[PDB]
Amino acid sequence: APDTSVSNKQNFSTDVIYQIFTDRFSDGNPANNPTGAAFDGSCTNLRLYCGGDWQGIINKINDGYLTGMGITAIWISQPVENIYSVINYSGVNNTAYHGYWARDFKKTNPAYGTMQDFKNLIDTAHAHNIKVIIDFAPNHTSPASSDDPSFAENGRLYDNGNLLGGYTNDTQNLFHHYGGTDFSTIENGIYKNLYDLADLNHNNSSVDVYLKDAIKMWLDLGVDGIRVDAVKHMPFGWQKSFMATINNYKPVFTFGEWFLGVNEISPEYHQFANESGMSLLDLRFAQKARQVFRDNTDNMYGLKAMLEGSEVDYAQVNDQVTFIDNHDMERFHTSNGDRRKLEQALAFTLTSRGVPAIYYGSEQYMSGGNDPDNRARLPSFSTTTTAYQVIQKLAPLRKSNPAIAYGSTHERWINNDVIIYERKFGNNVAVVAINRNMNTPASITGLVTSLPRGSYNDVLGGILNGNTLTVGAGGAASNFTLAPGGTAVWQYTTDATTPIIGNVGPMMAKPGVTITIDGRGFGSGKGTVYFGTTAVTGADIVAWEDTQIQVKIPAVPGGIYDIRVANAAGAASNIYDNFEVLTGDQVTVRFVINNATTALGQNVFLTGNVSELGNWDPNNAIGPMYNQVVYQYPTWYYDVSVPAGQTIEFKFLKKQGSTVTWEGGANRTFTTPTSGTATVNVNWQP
């Protein structure tokens, strides 16, 4: 199948995602609406159900509203059954319209529809070449007070109708009971409760296996992607085993949100984005795009520097999901805001690297403050707004032009208010020019591009005051004036003759998993795939064609490998790095060490003899370990993903700056479980 086929569940950079709060989009079946205090058909109380469902999305795919726009992926609210309570917080009533207060991850939320309606949604979407991404929030169940069991449904968790337990009188320890987080430390935000949400305990084998069987079920129903909620609030080691479960079973694109405050970007934000096996929502992209296109708190050098920083500080910049607003921020379009600012921000995101997500209602110029104001029902299904037409013209180029789906980003011209960047992949080119200044025309001189000679017509059709670009010999464009607010897109596509890899998915799996390598110039004759120096040929390559290769991972040692393709004539591609071959299936083990006293700046880490523990390299050791909430200093603890069913050797070590202090004595050994979790409790060997 080609790389752009709806069948490619692993990579999404040729797609445009439309993010739908299911309840606020379209009520196609009123019979399923919540009644009573839980419902507000006028949708003026934005904390209640307004009635929107999966038949509403099916109807908007069928009648062409979403396909007319060129949307190839929808991201919907979490599909699982939620609590039915109307909770009153300080006079204001609240319901699970949002889908985040789960109670059974194996059933659907009936307000959205039945299992047959979810299947009709998947088959309709797929028959119209639309991929379906779902939210999945394995961090917690719902609001609960252990002191007051009558509040809400007391965090209760069910398994396909069978009650597993509640927050009050949790004798099985399905949940954490450390109090509520004050967000002071990452550790404090993982093991304590977020607000009043019953925090699930993933170190309990029953919660662990349940959440993994639950996501496999949704993979079997045909979903094509998962957005994992609250990744900043769950142990990294448990998330790595959760990702391994998906990838070793039916790998689909998975991403989450590490939230960063205004310009406060974290290393661990990037660390996790590189280590976990999942992609992140690009907060830095959205922040800078609002600072430059919306609030004018920074200028085009700020935007250039963020686009320059991302290509090198993300391992997979093509898997980062970009956006300009979403459910957690004020809407980009404000009341006194010029609509052209939104239309430029949209054209920028749709032609920029990554996987673009469009928040529902953007194209209908919705405005609103933060939650719940940014989640109003969308007011209209007009197919003639300028923003609808911008998406309609640009979104197809993700499928048709490999430079927008996969290419590099190079600023070809810039000043305080203007940027012209080129996107490049092999022979394919796209150039985009944006003038954010709404009163001054910008005089463009000396623009050089990679386009061949020709008179390129603006793909946007002049809608955002764009112009034709006249390109001469050597990519030099003749000068032009970019209109106030002007935006133009020019492109050229041809076949590549050489292999170029644009994306690989999944990026972490064990031997024998089929990975998808997407790009151009692979050719129709089966060739060779390299994991490091290891050649994979013939029947281990499941499918080979010019834009897509599907190949089984060879039985190589666990660790990080570079991938490379050679077509049937021996021409080799660029190197796709940072691919993690896992030693096998994973389980998360908690490691606890007592009597490890440290100095100022000295922390405890773990390493051992498998790639998952860093293969005895102190710089690739796991940690720093934790020591405040589940256990207190001098006892340190940490949840680590390790290969299932085998004996690993390992040792702990303290590290302050460059000095590694190893504990003495002999190496420790431990035989990991086949599934579920385990705890290892040891004492510092001097």
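Note that residue numbering begins at 1 and tracks the sequence as displayed.
Averaged over their C-alpha atoms, the temperature factors of 373-381 and 248-256 are higher for 373-381. Look at the mean CA B-factor for 631-639 and for 32-40 in the entry; the higher one is 32-40.
Among 82, 392, 296, 449, the highest C-alpha B-factor recorded in the PDB entry belongs to 296. When the Cα B-factors of 241, 440, 514, 322 are read from the PDB record, 440 comes out highest.
Ranked by Cα temperature factor within the chain, residue 1 sits in the highest third according to the deposited record. The entry lists a Cα temperature factor for residue 213 that places it in the lowest third of the chain's modelled residues. Split the chain's modelled residues into thirds by C-alpha temperature factor. Residue 495 is in the highest one.
In the deposited entry, the Cα temperature factor of residue 23 places it in the middle third of its chain's modelled residues. The deposited CA B-factor of residue 8 belongs to the lowest third of values across its chain.
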